[PDB]
Amino acid sequence: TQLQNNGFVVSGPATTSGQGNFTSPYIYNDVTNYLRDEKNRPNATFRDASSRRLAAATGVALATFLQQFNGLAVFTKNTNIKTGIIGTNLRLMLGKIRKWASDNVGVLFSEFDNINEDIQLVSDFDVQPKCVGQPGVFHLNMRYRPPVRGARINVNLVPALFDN
Amino acid sequence: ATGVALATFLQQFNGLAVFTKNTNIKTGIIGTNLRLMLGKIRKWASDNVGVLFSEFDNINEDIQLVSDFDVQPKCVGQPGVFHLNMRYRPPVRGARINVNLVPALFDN
Amino acid sequence: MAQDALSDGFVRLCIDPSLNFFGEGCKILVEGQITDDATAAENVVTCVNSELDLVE
Amino acid sequence: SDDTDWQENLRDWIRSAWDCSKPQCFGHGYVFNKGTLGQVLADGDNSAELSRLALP
Amino acid sequence: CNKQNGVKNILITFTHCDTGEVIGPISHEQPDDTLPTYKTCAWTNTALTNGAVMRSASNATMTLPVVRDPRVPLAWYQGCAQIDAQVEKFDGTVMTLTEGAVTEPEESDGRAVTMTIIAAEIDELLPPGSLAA
Amino acid sequence: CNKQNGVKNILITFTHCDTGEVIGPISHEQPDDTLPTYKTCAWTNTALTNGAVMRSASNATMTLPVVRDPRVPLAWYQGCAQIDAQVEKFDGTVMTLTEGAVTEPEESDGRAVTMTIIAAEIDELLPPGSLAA
Amino acid sequence: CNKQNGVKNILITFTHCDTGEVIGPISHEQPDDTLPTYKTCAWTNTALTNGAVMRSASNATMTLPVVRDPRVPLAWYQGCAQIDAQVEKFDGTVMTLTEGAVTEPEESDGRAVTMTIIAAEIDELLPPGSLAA
Amino acid sequence: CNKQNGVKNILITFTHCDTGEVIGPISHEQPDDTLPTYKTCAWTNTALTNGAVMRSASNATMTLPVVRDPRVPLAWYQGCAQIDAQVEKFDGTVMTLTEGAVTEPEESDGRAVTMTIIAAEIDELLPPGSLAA
Amino acid sequence: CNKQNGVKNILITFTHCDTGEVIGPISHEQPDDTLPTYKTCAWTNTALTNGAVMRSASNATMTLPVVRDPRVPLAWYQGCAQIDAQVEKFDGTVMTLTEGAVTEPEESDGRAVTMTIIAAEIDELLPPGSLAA
C-alpha cells in the first residue's frame, strides 16, 4: 500500500502454494513516479502511465489539424472579409477549433467541464505592447482531461438468514 | 463461494470506459453508466436464485450502486470508483407445519 | 495474493452481518424507574442495542 | 489437541483470514472438547470460525 | 424529463458462433421514429368457455430496430451470431437480455436492420420507488 | 353534462399469482382517443336456415387500453396476474369485472398497453331511472 | 461524403446457358428511388418453447432492381441466363455474388426489371477499419 | 453595436464526392434581406396525451441563402458536393457546420441559390459570458 | 388603467435533460406585438350526432414567442431542455407552467424563437374577486 501510494510498480505471482512449481508474475498497477507539481502542489494528472501516451497523441493530432492554417490569409484590424477572398479571422478560427475538440470527446478527451473557458485564442498584437507585436502570430491555450475508465469496486456483502 | 463468484463476475468492468456526468453514450463508443451496470448485476443476482440465494424479500432495495462522487464531499472523490451494497439470504433449510387432527362423527 | 479472484485488487470485499444500508429510522424515548444494581447513570439519555444489554 | 489456549490462537488466525483489511483466504477449523456437561459448556466463546465437537 | 417517452442508450454485444469471438458492448442509434417493443410474460392464455383459460409455453421476445454499425459484418445482425442487448429509456427503465437469438431474418438494404430476439427471460429495472417486490 | 361520451375513472387491482401480493385499486389514464368496448351476453347465436338459430357458450369479454403505471412491472399488465377493473363513464354507467384474465398479449413499447380480459360475467350499473330489473 | 445511403456502381456479367457465350461486365442504373436488399446468413432460426430454436437450411438471396440494358434481350434478365452481380455503395461497401440464379420472374414492361437472385454465399467488403475478421 | 441583428461573414468549403476535389474557404454574400435559419437540436418531440411527449431522433439543419460565386459550378451548390459552412453574426455568435449535405435542391436562375444543409451537429459559439457549459 | 391588455413579465427556467444543469428564472421580452396564447382545459370534444360529443384526453399548451437571451444556447430554447415558464399580464392574470416540453421546433434566425410548450396542467391566478373556486 505504501509503495503504490508513492508512485511505484509492484509485481506479484499468479499462484501461491508450497509445491515449489514455476509461476509467472504480473503487474499490479501501471504507474509513473510522478508526484507533486512544478509549483509543489500535489495532484495525480500523470499518475497513470497511459496519461503520458495520451498527451503525446493529443499534441501530435492537434498539430496535424492546425496545419490547414498555414499560409491562409488573415484579418485582424477590420474583421470584414471582402467577397471572394479566401481567409479567416480570430472568431472563425476559434469556432473551428472548438468543433474539433467536441468531435474527439470519448476518443482522446473526457467531457469538458466548461468548454467556453477551456479554450482561448489571442492574437500576438493583443499580448505584446505597441510596436512590439508581429503579424500573423497566434497564442492558443487549451485544457483537457483524459478519458475515465473503471478502476475499483468496493463490495459490502451483508448476509442474512430466514429464521426458523 | 458467493464472494469469489461475485468478484469473478465484476471483472468484466475492469478497464471499461464509464460515463457519469453526461450519460448519453455516443455512437460507436464502448462504455457504460451506473444504471446499466446496476441492471446487469441485478440480472445476475436474480439468476442465481436456487443455486446460491433464496428468493429475495425485495430485490429492488437489497442492491444499490453509487459512484464515489456521490459519497465524498466536493472535490474529494476519485474518478472511477464505486460502492456496491448487496444483501442476500442462503437457501431455506426447512419449515414448521401445524397439524390439527379432528375426526368427525356426524355424517354431514 | 490470497484467493485468485481477489488477488489483483480490483475488488475489495467485506463480509459483516451487523451493517445496515438503510439510515436510522424514527427515534422512540422510554422513561421509567430503575433499581440500585443498575449501572446506567441517572438523568442521561443513552442508546440501546439489544435486550441482552438490559438487566445489567 | 485439547488445549484451550492453543485452540484460541487458531480461532484468532482464522479471523484474520476472514478479515476486511486485505485479500481473504477463507477457511474453517475443527476442534473437540471433552468433559462433563458443566465443563464443555464453559468453552463456548462464540466463535463462528470453529465447529466444536462435544464428547462425554 | 421524466415523462418523455423515448430511448436513450442501446448496447449490443456480439458473440460469433464459429469462432467464439466477442465484441464489447457497442452503442447504437435507431433508424427512425419507431420504438422497440417487449413481452416479458412467458405464458399465454387462451379463451375457453365460461371464463376459463388455458396456458401454453410461449417465450419472451424483443423487437429492436437499430442502425447497422459500419464496422460489423451485416451477417452478425442476422441469425449468424448471439446477441446481448440493453435498452435504457429516458424515464429510467432498463431492460436487459442475454443469450438471445434472431428469428426469421428479412432482407435489409444495408443500413436499417430490424431484429426479432427471443430469450428465456427478460429482466426489468423500474425507476426508484417501485411497489412490487 | 350527461350526453358526453367518455371515460371518467379507471381502477385496477392486480393479484400476483406466484406470490399472492395484492395492490390496492390504483387509478389509470388512457393513452389515446379510443374507448373501451364491452360484450356482456354470455351465449352466442348462429344463423340456421329459415329463421332458426344455434346457441353456443362463448364468454364475456372486455378491452381496456390504459397507460401503464410506472410503479408496476410490465409483466403484471400481461398474462402474469389477475385483474379486477372498473370503468365509470361520464353519463353515470359503471361496469365492474372480477377474476378476469388476460389473453394473447401483444408486444408493447412500454407505455401503451391494450389488455383483453375475459370473465364469467360483467355487472352494469345504469344511471338512475332504469326500466329493466 | 461517407454517410450518404445510396448505390454507386452496378456490374452484371451474363452467361447464356444454351450457347455458352459470355458478355463482359456491363454497368447499369436504377429505375427508381428504391435500393437493393440482402440476406447473407445461410441458416434460418425458428422459435421453439422456452428460448430454444430450430435451425434450417435456407439460402442467401438478393434483390436487384435495375434498368434493362437496350443491347441485351429481355429474356436474359429472367430465368433464361446466369448472373454475376456487384454493387458498390457510396460509403465503400461492396457486395459480390457469383453463379446466381433468377427465381419466379414476373412480367416487366420492358424497361424496369426487379431480379431476385439466390446463391450459395455472398461476400461482403467492409470499409477500412473493420473489427471482425 | 451590440444590438444590430445581421450576418457578417459566410465561409463555404466544398468537397466533390466523385473525385475528391477540394476548394478552400471562400467568402460569400447574401442576395437579399432574408437571413439564414438554424436548428441545433438533434431531437424532435411530438404531442401525446396527458402531457407526455414521444422523443425521436432527428437532424440539425441550416438554411443558407447565398449568391453563387462565379468561379464555382452551379452543380456543386446543389446536391453534387459536400459542404462545410460557417456563419458569423454582428453579435459575435459563430455557427460551424462540418460534413453537411444538400437536400431537395430547388431550381435556381444562376445567381441566387437557397441551400438546405443538414448535419449531425451544429456548433454554436456564444459571446463572452455564457452561463451554459 | 386596467383595460390595458398586454404582457408585463416573462420568466423562464431551464433544466438540461442530459446533464441536469439548472439556470435560474431569467426575465425575457417580446420581439413583436404578437401576444402569447393558452389552452388550460385538458379535454378535447368532437361533433358526433344529435348533440353528443366524444371526450378524449388531449393536453394543455402554451405558445410563447420570446427574444433569445444572449447568455443561453439556442438549443435550450428547443427540444433539448425542460422548461418552466410564467407570464403576467397587466390586469393581473398570472399563468404558471411547470415541467413543460417543446414540440416540433421551427427554424430560427438566432434572435426570435417561437416555443410550443405543452404540460399536464396550467395554473391561472385571477385578480381579486373571482367567482369560481
# chains A, B, ... in the order shown; residues from 1 in each chain; ligands from 1
>>> residues_around(residues="region 41-54 of chain A", least_positions_apart="4", cutoff="7 Å", atoms="only C-alpha atoms", output="ChimeraX atom specification")
/A:30-32,34-37,58
>>> residues_around(residues="residue 44 (chain D)", least_positions_apart="3", cutoff="12 Å", atoms="only C-alpha atoms", output="ChimeraX atom specification")
/D:4,7-8,31-33,37-41,47-48,50-54
>>> write_last_selection(atoms="C-alpha atoms", output="CSV table (one decimal), in the first residue's frame")
chain,number,residue,atom,x,y,z
D,4,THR,CA,-8.0,-24.3,25.1
D,7,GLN,CA,-7.4,-23.6,20.1
D,8,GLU,CA,-7.9,-19.9,20.9
D,31,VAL,CA,-11.7,-28.9,17.3
D,32,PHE,CA,-13.0,-31.1,20.1
D,33,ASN,CA,-13.9,-30.6,23.7
D,37,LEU,CA,-21.7,-31.1,30.7
D,38,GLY,CA,-20.7,-28.2,33.0
D,39,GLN,CA,-17.1,-28.2,31.7
D,40,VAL,CA,-18.0,-28.4,28.0
D,41,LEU,CA,-20.4,-25.5,28.1
D,47,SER,CA,-16.6,-18.4,17.6
D,48,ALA,CA,-18.1,-18.5,14.2
D,50,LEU,CA,-14.8,-23.1,14.6
D,51,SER,CA,-17.0,-26.2,14.8
D,52,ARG,CA,-16.5,-27.6,18.3
D,53,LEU,CA,-17.3,-31.3,18.8
D,54,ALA,CA,-18.6,-32.3,22.2
>>> interface_residues(of="chain C", to="chain D", cutoff="12 Å", atoms="only C-alpha atoms", output="mmCIF file with N, CA, C and O atoms, in the first residue's frame")
data_model
loop_
_atom_site.group_PDB
_atom_site.id
_atom_site.type_symbol
_atom_site.label_atom_id
_atom_site.label_comp_id
_atom_site.auth_asym_id
_atom_site.auth_seq_id
_atom_site.Cartn_x
_atom_site.Cartn_y
_atom_site.Cartn_z
ATOM 1 N N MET C 1 -2.171 -11.295 -2.577
ATOM 2 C CA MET C 1 -2.303 -12.709 -3.018
ATOM 3 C C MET C 1 -3.666 -13.273 -2.590
ATOM 4 O O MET C 1 -4.690 -12.943 -3.187
ATOM 5 N N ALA C 2 -3.679 -14.114 -1.561
ATOM 6 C CA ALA C 2 -4.921 -14.746 -1.100
ATOM 7 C C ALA C 2 -5.528 -15.523 -2.273
ATOM 8 O O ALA C 2 -4.802 -16.070 -3.112
ATOM 9 N N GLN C 3 -6.855 -15.583 -2.341
ATOM 10 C CA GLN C 3 -7.522 -16.334 -3.394
ATOM 11 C C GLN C 3 -7.321 -15.652 -4.745
ATOM 12 O O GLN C 3 -7.068 -14.447 -4.835
ATOM 13 N N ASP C 4 -7.441 -16.448 -5.808
ATOM 14 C CA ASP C 4 -7.094 -15.961 -7.140
ATOM 15 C C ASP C 4 -7.977 -14.792 -7.557
ATOM 16 O O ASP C 4 -7.489 -13.811 -8.130
ATOM 17 N N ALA C 5 -9.279 -14.877 -7.283
ATOM 18 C CA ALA C 5 -10.199 -13.852 -7.764
ATOM 19 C C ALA C 5 -9.915 -12.491 -7.143
ATOM 20 O O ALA C 5 -10.049 -11.465 -7.819
ATOM 21 N N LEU C 6 -9.524 -12.454 -5.872
ATOM 22 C CA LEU C 6 -9.355 -11.208 -5.138
ATOM 23 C C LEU C 6 -7.902 -10.759 -5.055
ATOM 24 O O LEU C 6 -7.602 -9.797 -4.343
ATOM 25 N N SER C 7 -6.992 -11.428 -5.765
ATOM 26 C CA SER C 7 -5.575 -11.100 -5.637
ATOM 27 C C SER C 7 -5.233 -9.795 -6.347
ATOM 28 O O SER C 7 -4.461 -8.983 -5.824
ATOM 29 N N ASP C 8 -5.795 -9.572 -7.537
ATOM 30 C CA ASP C 8 -5.403 -8.422 -8.344
ATOM 31 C C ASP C 8 -5.786 -7.090 -7.714
ATOM 32 O O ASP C 8 -5.259 -6.056 -8.135
ATOM 33 N N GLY C 9 -6.680 -7.084 -6.730
ATOM 34 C CA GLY C 9 -7.025 -5.861 -6.038
ATOM 35 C C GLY C 9 -8.054 -4.993 -6.725
ATOM 36 O O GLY C 9 -8.260 -3.853 -6.296
ATOM 37 N N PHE C 10 -8.706 -5.487 -7.780
ATOM 38 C CA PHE C 10 -9.754 -4.701 -8.422
ATOM 39 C C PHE C 10 -11.010 -4.635 -7.566
ATOM 40 O O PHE C 10 -11.764 -3.660 -7.652
ATOM 41 N N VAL C 11 -11.255 -5.653 -6.746
ATOM 42 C CA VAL C 11 -12.446 -5.734 -5.910
ATOM 43 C C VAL C 11 -12.011 -5.853 -4.459
ATOM 44 O O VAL C 11 -11.180 -6.706 -4.122
ATOM 45 N N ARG C 12 -12.570 -5.002 -3.604
ATOM 46 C CA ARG C 12 -12.369 -5.073 -2.163
ATOM 47 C C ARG C 12 -13.665 -5.565 -1.535
ATOM 48 O O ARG C 12 -14.712 -4.927 -1.685
ATOM 49 N N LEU C 13 -13.591 -6.690 -0.832
ATOM 50 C CA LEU C 13 -14.768 -7.391 -0.341
ATOM 51 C C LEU C 13 -14.794 -7.359 1.180
ATOM 52 O O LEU C 13 -13.775 -7.603 1.833
ATOM 53 N N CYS C 14 -15.964 -7.052 1.734
ATOM 54 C CA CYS C 14 -16.170 -7.005 3.176
ATOM 55 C C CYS C 14 -17.437 -7.774 3.513
ATOM 56 O O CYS C 14 -18.487 -7.539 2.907
ATOM 57 N N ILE C 15 -17.340 -8.685 4.477
ATOM 58 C CA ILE C 15 -18.463 -9.509 4.907
ATOM 59 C C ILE C 15 -18.728 -9.211 6.374
ATOM 60 O O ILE C 15 -17.855 -9.420 7.224
ATOM 61 N N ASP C 16 -19.931 -8.728 6.670
ATOM 62 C CA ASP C 16 -20.323 -8.433 8.040
ATOM 63 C C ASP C 16 -21.842 -8.342 8.131
ATOM 64 O O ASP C 16 -22.459 -7.574 7.383
#
>>> residues_around(residues="residue 104 (chain I)", least_positions_apart="3", cutoff="7 Å", atoms="only C-alpha atoms", output="list in words")
residues 44, 45 and 46 of chain H
>>> interface_residues(of="chain G", to="chain E", cutoff="10 Å", atoms="only C-alpha atoms", output="VMD selection string")
chain G and resid 5 to 6 34 to 55 60 to 63 89 91 to 93 122 124 to 133
>>> select_by_dssp(residues="chain F", states="helix (DSSP H, G or I)", output="JSON, numbers by chain")
{"F": [49, 50, 51, 74, 75, 76, 77]}
>>> select_by_dssp(residues="chain H", states="strand (DSSP E)", output="ChimeraX atom specification")
/H:7-15,22-27,37-39,43-47,53-57,60-67,82-89,94-97,112-119,123-125
>>> residues_around(residues="region 35-46 of chain C", least_positions_apart="4", cutoff="9 Å", atoms="only C-alpha atoms", output="JSON, numbers by chain")
{"C": [29, 55, 56]}
>>> interface_residues(of="chain H", to="chain A", cutoff="8 Å", atoms="only C-alpha atoms", output="short mmCIF file (atom, residue, chain, number, x, y, z; two decimals) with C-alpha atoms, in the first residue's frame")
data_model
loop_
_atom_site.label_atom_id
_atom_site.label_comp_id
_atom_site.auth_asym_id
_atom_site.auth_seq_id
_atom_site.Cartn_x
_atom_site.Cartn_y
_atom_site.Cartn_z
CA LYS H 8 -21.29 39.49 -41.10
CA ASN H 9 -19.25 36.71 -42.74
CA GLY H 24 -10.58 26.25 -49.73
CA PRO H 25 -12.92 28.51 -47.76
CA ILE H 26 -14.49 31.28 -49.85
CA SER H 27 -16.33 34.36 -48.63
CA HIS H 28 -19.90 34.73 -49.92
CA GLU H 29 -22.60 37.40 -49.65
CA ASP H 69 -19.61 32.66 -56.69
CA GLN H 86 -19.55 28.92 -41.06
CA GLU H 88 -20.67 34.89 -38.12
CA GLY H 92 -20.29 37.60 -32.31
CA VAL H 94 -20.44 31.87 -34.77
CA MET H 95 -22.12 28.79 -36.23
CA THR H 96 -19.99 25.93 -37.52
CA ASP H 123 -21.82 24.07 -33.04
CA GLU H 124 -22.63 27.47 -31.54
CA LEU H 125 -20.05 29.87 -30.06
CA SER H 130 -22.21 32.30 -21.49
CA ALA H 132 -24.08 27.17 -20.02
CA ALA H 133 -21.14 24.80 -20.48
#
>>> residues_around(residues="residue 61 (chain B)", least_positions_apart="2", cutoff="10 Å", atoms="only C-alpha atoms", output="short mmCIF file (atom, residue, chain, number, x, y, z; two decimals) with N, CA, C and O atoms, in the first residue's frame")
data_model
loop_
_atom_site.label_atom_id
_atom_site.label_comp_id
_atom_site.auth_asym_id
_atom_site.auth_seq_id
_atom_site.Cartn_x
_atom_site.Cartn_y
_atom_site.Cartn_z
N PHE B 56 -35.33 -13.28 -2.90
CA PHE B 56 -35.09 -12.01 -2.23
C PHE B 56 -36.40 -11.43 -1.72
O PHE B 56 -37.42 -11.46 -2.41
N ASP B 57 -36.38 -10.89 -0.50
CA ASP B 57 -37.58 -10.29 0.06
C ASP B 57 -38.01 -9.08 -0.76
O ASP B 57 -39.20 -8.90 -1.04
N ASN B 58 -37.05 -8.23 -1.15
CA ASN B 58 -37.33 -7.09 -2.01
C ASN B 58 -36.07 -6.82 -2.83
O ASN B 58 -35.15 -6.13 -2.38
N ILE B 59 -36.04 -7.37 -4.05
CA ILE B 59 -34.85 -7.27 -4.88
C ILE B 59 -34.56 -5.83 -5.28
O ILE B 59 -33.43 -5.51 -5.65
N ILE B 63 -30.10 -4.19 -3.40
CA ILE B 63 -28.93 -3.93 -4.23
C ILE B 63 -28.88 -2.44 -4.52
O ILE B 63 -29.88 -1.84 -4.92
N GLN B 64 -27.71 -1.84 -4.33
CA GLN B 64 -27.51 -0.42 -4.58
C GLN B 64 -26.15 -0.20 -5.21
O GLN B 64 -25.19 -0.94 -4.94
N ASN B 85 -23.48 -2.30 -2.58
CA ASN B 85 -24.03 -2.86 -1.35
C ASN B 85 -25.09 -3.89 -1.71
O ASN B 85 -26.06 -3.57 -2.41
N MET B 86 -24.91 -5.12 -1.22
CA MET B 86 -25.82 -6.22 -1.52
C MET B 86 -26.17 -6.96 -0.24
O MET B 86 -25.34 -7.10 0.66
N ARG B 87 -27.41 -7.42 -0.16
CA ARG B 87 -27.89 -8.24 0.94
C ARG B 87 -28.59 -9.47 0.37
O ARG B 87 -29.34 -9.37 -0.60
N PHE C 21 -27.88 -0.97 5.38
CA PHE C 21 -27.86 0.03 4.32
C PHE C 21 -28.75 1.21 4.68
O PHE C 21 -28.34 2.37 4.56
N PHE C 22 -29.97 0.93 5.13
CA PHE C 22 -30.93 1.99 5.40
C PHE C 22 -30.49 2.84 6.58
O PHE C 22 -29.90 2.35 7.54
N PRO E 128 -36.67 4.36 -9.40
CA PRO E 128 -36.76 4.27 -7.94
C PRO E 128 -38.19 4.48 -7.45
O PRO E 128 -38.93 5.29 -8.00
N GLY E 129 -38.56 3.74 -6.42
CA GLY E 129 -39.87 3.84 -5.83
C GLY E 129 -40.90 2.86 -6.33
O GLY E 129 -42.08 3.19 -6.37
N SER E 130 -40.48 1.66 -6.73
CA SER E 130 -41.43 0.67 -7.21
C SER E 130 -42.30 0.15 -6.07
O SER E 130 -42.03 0.39 -4.89
N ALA E 133 -42.42 -6.37 -5.39
CA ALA E 133 -41.12 -6.86 -4.96
C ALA E 133 -40.37 -7.50 -6.13
O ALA E 133 -40.61 -7.16 -7.29
#
>>> interface_residues(of="chain B", to="chain C", cutoff="8 Å", atoms="only C-alpha atoms", output="VMD selection string")
chain B and resid 3 to 4 7 to 8 11 14 85
>>> write_last_selection(atoms="N, CA, C and O atoms", output="compact mmCIF listing (two decimals), in the first residue's frame")
# COMPACT_ATOMS: atom_id res chain seq x y z
N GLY B 3 -18.70 -14.74 -2.47
CA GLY B 3 -17.71 -13.69 -2.64
C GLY B 3 -16.82 -13.94 -3.85
O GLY B 3 -16.58 -13.03 -4.65
N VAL B 4 -16.32 -15.16 -3.99
CA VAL B 4 -15.44 -15.48 -5.11
C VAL B 4 -16.19 -15.36 -6.42
O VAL B 4 -15.70 -14.77 -7.39
N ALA B 7 -16.89 -11.69 -7.30
CA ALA B 7 -15.68 -10.99 -7.72
C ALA B 7 -15.32 -11.33 -9.16
O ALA B 7 -14.91 -10.46 -9.93
N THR B 8 -15.46 -12.60 -9.54
CA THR B 8 -15.18 -13.00 -10.91
C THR B 8 -16.12 -12.31 -11.89
O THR B 8 -15.69 -11.87 -12.97
N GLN B 11 -15.35 -8.69 -12.94
CA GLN B 11 -14.09 -8.45 -13.63
C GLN B 11 -14.31 -7.82 -15.00
O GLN B 11 -13.43 -7.12 -15.51
N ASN B 14 -13.52 -4.18 -15.56
CA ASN B 14 -12.15 -3.72 -15.36
C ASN B 14 -11.63 -3.11 -16.66
O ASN B 14 -11.53 -3.80 -17.67
N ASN B 85 -23.48 -2.30 -2.58
CA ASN B 85 -24.03 -2.86 -1.35
C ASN B 85 -25.09 -3.89 -1.71
O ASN B 85 -26.06 -3.57 -2.41
>>> interface_residues(of="chain B", to="chain I", cutoff="10 Å", atoms="only C-alpha atoms", output="ChimeraX atom specification")
/B:20-24
